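Below: one structure, written as structure tokens.
Here the Cβ positions follow ideal geometry from the backbone for every residue, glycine too, while neighbour counts run over all protein chains shown. Quick note: the coordinates plus some simple rules give every number you see, no bench work behind them.
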Amino acid sequence: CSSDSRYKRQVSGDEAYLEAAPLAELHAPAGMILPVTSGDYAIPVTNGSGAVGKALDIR
Amino acid sequence: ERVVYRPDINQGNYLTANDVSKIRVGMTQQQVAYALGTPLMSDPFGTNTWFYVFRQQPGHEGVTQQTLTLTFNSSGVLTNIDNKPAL
Amino acid sequence: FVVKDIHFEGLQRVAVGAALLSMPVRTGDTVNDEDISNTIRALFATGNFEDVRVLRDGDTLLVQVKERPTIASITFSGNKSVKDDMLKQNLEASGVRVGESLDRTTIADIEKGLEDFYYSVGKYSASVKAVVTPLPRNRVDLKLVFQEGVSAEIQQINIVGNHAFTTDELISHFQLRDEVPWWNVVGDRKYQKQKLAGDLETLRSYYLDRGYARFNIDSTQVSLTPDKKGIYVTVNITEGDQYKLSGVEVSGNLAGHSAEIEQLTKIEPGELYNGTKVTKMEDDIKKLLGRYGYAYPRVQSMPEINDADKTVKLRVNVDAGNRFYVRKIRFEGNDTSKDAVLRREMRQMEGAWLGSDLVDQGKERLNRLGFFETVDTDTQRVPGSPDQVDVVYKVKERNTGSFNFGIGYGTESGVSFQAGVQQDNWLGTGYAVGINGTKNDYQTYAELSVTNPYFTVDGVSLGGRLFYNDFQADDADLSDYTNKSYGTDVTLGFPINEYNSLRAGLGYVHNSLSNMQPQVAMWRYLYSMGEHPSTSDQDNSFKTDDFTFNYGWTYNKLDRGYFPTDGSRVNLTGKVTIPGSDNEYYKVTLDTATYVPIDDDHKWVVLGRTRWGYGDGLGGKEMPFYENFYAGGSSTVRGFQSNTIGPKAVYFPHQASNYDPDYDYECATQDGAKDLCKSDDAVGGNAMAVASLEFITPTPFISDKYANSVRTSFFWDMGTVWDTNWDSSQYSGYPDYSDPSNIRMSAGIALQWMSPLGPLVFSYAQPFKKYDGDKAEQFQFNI
Amino acid sequence: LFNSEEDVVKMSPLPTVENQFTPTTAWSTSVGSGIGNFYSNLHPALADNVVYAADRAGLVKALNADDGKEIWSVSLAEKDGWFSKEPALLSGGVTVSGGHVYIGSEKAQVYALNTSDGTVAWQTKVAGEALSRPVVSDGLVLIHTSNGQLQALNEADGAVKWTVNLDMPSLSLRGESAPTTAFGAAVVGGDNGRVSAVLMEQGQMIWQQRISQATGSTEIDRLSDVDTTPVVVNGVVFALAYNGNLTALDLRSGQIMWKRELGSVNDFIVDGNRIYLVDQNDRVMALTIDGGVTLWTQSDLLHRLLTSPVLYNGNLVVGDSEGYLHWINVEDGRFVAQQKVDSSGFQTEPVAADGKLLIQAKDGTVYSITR
Amino acid sequence: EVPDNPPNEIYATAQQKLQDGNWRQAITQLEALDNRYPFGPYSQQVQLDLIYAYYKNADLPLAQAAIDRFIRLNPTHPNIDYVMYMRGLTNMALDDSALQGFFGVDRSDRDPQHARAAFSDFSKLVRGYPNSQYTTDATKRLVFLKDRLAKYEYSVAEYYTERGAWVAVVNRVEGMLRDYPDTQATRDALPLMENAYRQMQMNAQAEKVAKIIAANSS
């Protein structure tokens, strides 16, 4: 049929974004704090959790 | 630095001596912004200090720089026109 | 009545409820037969229903419908040259497509709009017959029978009211073409009124640049010549007698640079008026104030035409922006190679006033990159302040990876193969990886060429080379003169100007020679080496550890790094020995690449690729024979085989070859061919003069979607390579090659197809001049 | 070999070459290479035993109308412009009115060549080339030019008496609106497919009625070159619209007696009560003058390059730019003859004058024809 | 593709090739189903299986075409939480992909475009749909994607430190700051802002950053 690295092929999927890269907020002193959240940077940690990542099925 | 030519490095954004004399301690930011618009650098978390800092280095003959700040107060009324030379 | 139930027959694209809402009576509404006939027509107002027979069972409605919708196919027949989709676009304009609502009414309406599309083509002599062919369960095939007669073509243009310049004079300036004799072709003559509109503006310039500023084209009357091909134009103009640029009075917000702006408006008061220069001279202010920070310098001129002396008076009104527009910049299409790699290819810095051309200079470095497909940007003014412009450099990148081939034979010969593989912008780093080598039963070879182009940011291309030629000639090895060669070179770059860049490194080689051949020039360099190795034998071994300083410099004002169409690049490269070397010589060569647009649209472009060189000793010990110059085969001159342009070595009266085998490897060995024979492959000279001249040529059979990556290019390739020390006093009874006229020649075309492994080029070329004999393969397969 | 090169689709050929009453030439001659395949409204005028004919690059030859022996010759080849000795390039036809030969030229010029020698007894530049033949009448050289300008030039010395914009869209809807005179009115059609009457004396519109279509949004062909020039039987305007659509109107008010908004006609004459015509399909029919009742037809010419229908030698005669001539039945449409005297053909009109049938050919020029 | 067949016969043949993984021939069914029968009762679920087939065939814009189709076919549906995830997830897959990862080269400083197009729709999922099995995973992606664009923009911020336009350093750093409140790439842009001030001899403004550094030494 096919061949790739002595397998057939390799398809797309991720758990790396599920690994959710570490974020360390500012402890910045008063009068030395920027408006440090702008844009669509708005992540409500919401949970209908279900399967997640590659285990998350998609229909 | 035993080289003579360098590909010339600049950094503009500077209120010239006209732009210094155009404005005065007491002006609003707007009073400067009608002529001189925004700065490309202000205070991020303090007062309204409008920074306009020139830099340039031509030819291993040193670097030049003209560091201009415009400290408007919390109300934006100008309180300091500090233009600093190189170094 | 009042309907208790509607019977919903035959809908098949619309729903029952979607029918029911298109029915003015819904199930339960009071019902008139007026409303029933309204239910007839408003379901015809679906556009989907062939017939609508609304009736009722007393009051219980029933709607008998066979239906128009989803078209299963639209068959294009007669759509030879005009694209299906072009013809489909008028159909796609007509609200009907495959899977849409048919209407058997709008058949000629689509067709007329297609002849109205034919009207726009450059013809009307073409027709279309759409044929409805009903298909299963509602469906319909739309067979479009195209009755395409003919186009139109430019036949004549009468310009009345013109008395200054001749009409056909102007037609020669006009892209409306009409001259191809049967023995004189300059192209073709075919028609568009859009050329006409531009050639009206070619005319509109054509009086204006003189001084005619009350020049005005009154009207233009093109023929309905009764042939459906004939174009006879009756242009009405007013010649509009000339005016003089009698003065400039530039004004407005001149932004304190008006003296410089006055240098852009240094005119002659009373010169014969050129509005196009005036059009240009407005923009001269705009780039200037652009370079002065003001990205938006509104400059409006007004040549106040004074007819009382036949002059104009150029009012200009200027209004600049503010300086510090360059706030920051953005980049897009940086999705494989590093953003900061593309950010360092710019020249306008953020946190600054604008120098307008540094963007374009920065975009030219990206245009001179060659990992790109196009280089563009977005120079939006971010709203909010007159120091607020970000520049969003959206660009497009190109594919990489390449191959070069070489083989004698597989699975029946020995382990013999030539390799080579290329990976540049190596994993999105900008690094170039090009590595080759070969292992055969003649020799073994290893080589590397990998650069860190920005190991240091100041142009510092950390490019190192190593090679290991275990060159053996494994057929009679000791008699076939084994010489293993290996050595190093690391080379570096720096932008000495911002379009000029230097190259420099140290070259080392470790040649290890053994039983040199009885060639005359072979011992002759060894004679200049101070050696006196024996002509009549193959007996002598030799090592050299030559330490040279190689160098270079790159000029770069040519368009693309991968597919240019305009400009030139100068790349001088050479080497000179240092003390510590086993020989004191030099070796310099010259590399040329210029692109001159034959077509101003650059469809044809002169491709001037010539090669030059000279290397000699530094006194005493000569330049080695392996540093000679050549051509032939895949080279400047192709249609040949390799090493056909140069000196051709004579052998010596010689027996002991170490036994070159039994009438094999004749070098005037003892096995036949003795006593001073001469080879015909070019062993090459210490001077190079070769030149290849090529032409970008568009094909009409590959679409320029994917013909634009293909450069078909014809050539008449020729050149001369001679050795200044190949003396006629030493080479008289065998041919001499110290003349700087040794013109071999072969002419033909190359075949550049751009594959996913990059451009792969073959060639066919025909030699008709061979200076002192050339091995010629007319079919040439380079990449 | 050539079996697989390219493709087009086009017209139908000529059927029925007939020789029932076998035709001939009255004489044969030439005036150079004349009106040509280049579309131009030049054509000779036969008068006074003088073949007033010109080739459209040069010589205006008076030939004798017996043998085509030259009576005089001058050349209207332009000695002036951006260049000396440029060709003639004439747009309007030969108008011999009094002692001048008036010809509208593609140099946007109208001349008056003195009929005794051809000396241009006056010359006048006009507003564009003469798209129609200049109707030289009442001292008014009345032209429908390529811009549609009703111009009146003094036919005595050259003096524009008015220049009034005629009816044609922006691009030249090439086709005649030749200002033919009726009842002291300038009776003009229009290349938009309208029809009008204007004042003959000053160029003041008596009326103008739209008849039918034109190019643009009811788009008609590039072959559409239709004489909107009327043949007004005294009070009844018999004209075509620019798409060939025939009609009958009032002369002084433009009130429609009848209208063929079905007309597709190249060339049209009113022959008694029988409008004889050359269709755009080149089918020769006979419509009425109190309607469009087909009195007879002939499809024995189909998609030809026909000239105007004329009656000569006892037959309706039509020729073509295919070079055929044909002697149509005056009744139902049968060729009683066919005369192949050219094959380059005729853009000029069959002049049944001097008892001849005068045609300058396109390139193999002037013949005269009889039977 | 698939000829005129019963829609359920096409759908059952799809449901083989969806369970087969044969998206090549499932989309051959599922499209030619909705090419002839987009009025199917499962023509919502066809698009739900199409995006399922497309993205698993890695047909991300054709997924996005079917997504926008399912946006336009079913703007009211339970699986728009799937779609608003899939709007992010296709843009998550649209952003960056290469063979270099087996050898150790990364792209989080290459494509910001579909990164933010993922961040828009993933956050539109976790705002608009807290109910889904997608709203927790995408939240983790969004936590990852904030630092991903930070690693992009810090790589930009590292560049202008090398350029010598020290306004252009600190403008990226407040761009690092005001967009990313918490990323380490911002926390390491926090030295670059003060040092660029020390280049412009704005040491006084640089020491205000040093207290932030002293605060975010924690």
_Beta bridges per DSSP with both ends in the stretch C:71-147, % antiparallel, nearest 5_ = 55
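Treating only the Cβ atoms of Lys and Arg (+1) and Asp and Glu (-1) as charged, compute the dipole magnitude of the stretch C:504-603 about its Cα centre; round to the nearest 20 debye. Mind dumping the intermediate values first?
On the way: 8 positive and 13 negative charges, 27 e Å.
Its charge dipole is roughly 140 debye.
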*Rounded if a/c is under 1.5, else prolate if a/b is larger than b/c, else oblate: which is the stretch C:564-652, with a ≥ b ≥ c the root eigenvalues of its Cα gyration tensor?*
oblate
*Name the residues whose placed amide hydrogens come within less than 5 Å of the amide hydrogen of residue D:141, ignoring near sequence neighbours (fewer than 5 apart) on the same chain.*
D:153, D:154, D:155
*Residue separation times 0.36 nm, minus the C-alpha to C-alpha distance between residue C:262 and residue C:488: what's the value?*
75.6 nm
*Using 1/(1 + (r/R0)^6) with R0 = 45 angstrom and r between the beta carbons of residue A:1 and residue D:11, what's the FRET efficiency to the nearest 0.05?*
0.15
*How many angstrom lie between the C-alpha centres of the stretch E:117-191 and the stretch B:1-80?*
29
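If you take every residue apart from residue D:201 with its C-beta less than 15 Å away from the C-beta of residue D:201, what net charge results, scoring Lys and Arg +1 and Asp and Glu -1? Display every interim value, and only then the final one.
Numbers: positive: D:161, D:252; negative: D:138, D:155.
With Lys, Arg at +1 and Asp, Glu at -1, the net is 0.
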*Looking at the square roots a ≥ b ≥ c of the eigenvalues of the Cα gyration tensor of the stretch E:1-74, which shape do they give, rounded for a/c under 1.5, prolate if a/b is larger than b/c, or oblate?*
oblate
_Output wanted: per-residue J couplings in Hz (rounded whole) for the stretch D:179-192, from phi through Karplus 6.51 cos²θ - 1.76 cosθ + 1.60, θ = phi - 60°, x for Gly and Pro._
x, 7, 8, 8, 6, x, 10, 7, 9, 10, x, x, 6, 7
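Rounded, prolate or oblate for chain D? Axes are the square roots of the Cα gyration tensor eigenvalues, ordered a ≥ b ≥ c, and the cut-off for rounded is a/c under 1.5. If you can, show how the numbers build up before the last one.
Numbers: a/c = 1.41, a/b = 1.04, b/c = 1.35.
The shape class here is rounded.
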*Could you sort out which of C:439/C:621; C:88/C:190; C:129/C:190 sit more than 30 Å apart by Cα distance in this structure?*
C:439/C:621
*So, counting K/R as plus one and D/E as minus one, what does the shell of residues with Cβ under 11 Å around residue A:39 add up to?*
+1
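So what is the relative contact order for the stretch C:544-583, in percent, with contacts set as C-alpha pairs under 8 Å and at least six apart? Can you show the working numbers first?
Details: 63 pairs, mean separation 21.7, N = 40.
Computed value for the stretch C:544-583: 54 percent relative contact order.
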_Net dipole in debye of the stretch E:1-74 [+1 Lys, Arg Cβ; -1 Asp, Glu Cβ; about Cα centre; nearest 20]_ = 140
_Projecting each Cα onto the charge dipole of the stretch D:101-236 (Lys/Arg +1, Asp/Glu -1 at the beta carbon, about the Cα centre), which of D:156, D:171, D:188 comes out farthest on the positive side?_
D:171
_Given contacts defined as C-alpha pairs under 8 Å and at least six residues apart, what's the relative contact order of the stretch C:244-319, whole-number percent?_
44
*Built amide H within the under 5 Å cut-off of residue C:568, gap 5+*: C:557, C:558, C:559, C:595
*Roughly how big is chain C's charge dipole about its Cα centre, with Cβ charges of +1 (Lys, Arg) and -1 (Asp, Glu), in debye to the nearest 20?*
2340
_Can you work out the Karplus-derived ³J(HN,Hα) for every residue in the stretch C:427-432? Use 6.51 cos²θ - 1.76 cosθ + 1.60 with θ = phi - 60°, whole Hz, and x for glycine or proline._
6, x, 9, x, 6, 9
_Set of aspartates and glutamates near residue E:124 by C-alpha distance (under 12 Å), chain-local residues within fewer than 8 positions excluded_ = A:40, E:81
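Distances over 17 Å make up what percent of all Cα-Cα pairs in the stretch B:9-84? Spell out each step's value before the answer.
Working: 1171 of 2850 pairs.
Looking at the stretch B:9-84, the distances longer than 17 Å represent 41 percent of pairs.
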_Compute and list, largest first, the equivalent-ellipsoid semi-axes of the stretch C:326-397 from the alpha carbon gyration tensor, each √(5λ) rounded to a whole angstrom._
21, 12, 10
*Evaluate the relative contact order of the stretch C:413-529 (contact order divided by residue number), counting alpha-carbon pairs under 8 angstrom at least 6 apart; express in whole percent.*
16
_Place a point 7 Å from Cα of residue D:80 in the direction of its Cβ. Which residues in the stretch D:103-142 have their backbone N less than 11 Å from it?_
D:123-125
_Residues residue C:570 and residue E:210, FRET efficiency given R0 of 60 Å [Cβ-Cβ distance, rounded to 0.05]_ = 0.75
*Calculate the spin-label point distance for residue C:357 paired with residue C:534, positioning each point 7 Å from the Cα along the beta-carbon direction, and give it in nanometres.*
7.0
_Cβ-based net charge around residue D:151, under 14 Å, with every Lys or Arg adding one and every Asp or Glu removing one_ = 0
*Points 7 angstrom from Cα along the Cβ direction at residue D:49 and residue E:4: gap in nanometres?*
8.2
*Would you mind checking C:363/C:557; C:277/C:310; C:603/C:770; C:112/C:705; C:266/C:286 for any pair whose Cα atoms are more than 22 angstrom apart?*
C:603/C:770; C:112/C:705
*asked:* Can you list residues from other chains, or at least 5 along the same chain, whose modelled amide H is less than 5 Å from the amide H of residue C:506?
replied: C:490, C:550
*In whole Å, how far is the Cα centre of the stretch C:643-720 from that of the stretch E:31-95?*
61
*Kindly put B:72, C:417 in sequence by how many other C-beta atoms sit within 10 Å of each C-beta, fewest to most.*
C:417, B:72
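What list do you get for D:247, C:133 if you sort them by fewest beta carbons within 10 Å?
Values: D:247 25, C:133 13.
Taking fewest neighbouring Cβ atoms as first place, the list is C:133, D:247.
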*FRET efficiency for residue C:239 and residue D:37, Cβ-Cβ distance as r, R0 = 30 Å, nearest 0.05?*
0.45
*Could I have the simple spin-label model distance between residue D:114 and residue A:49, label points 7 Å from Cα toward Cβ, reported in nm to one decimal?*
11.6
*Based on DSSP H runs of at least 4 residues, each adding -39500 (n - 2.57), what is the mean residue ellipticity at 222 nm of chain C after dividing by all its residues, to the nearest 500 deg cm²/dmol?*
-4500 deg cm²/dmol
_Extreme residue, positive dipole direction of the protein assembly as shown, given options C:491, C:639, D:297 (C-beta unit charges)_ = C:491
*asked:* For residue A:54, give me every one of the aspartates and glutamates with a C-alpha distance below 14 angstrom, ignoring sequence neighbours fewer than eight places off in its own chain.
replied: A:14, A:15, A:19, E:137
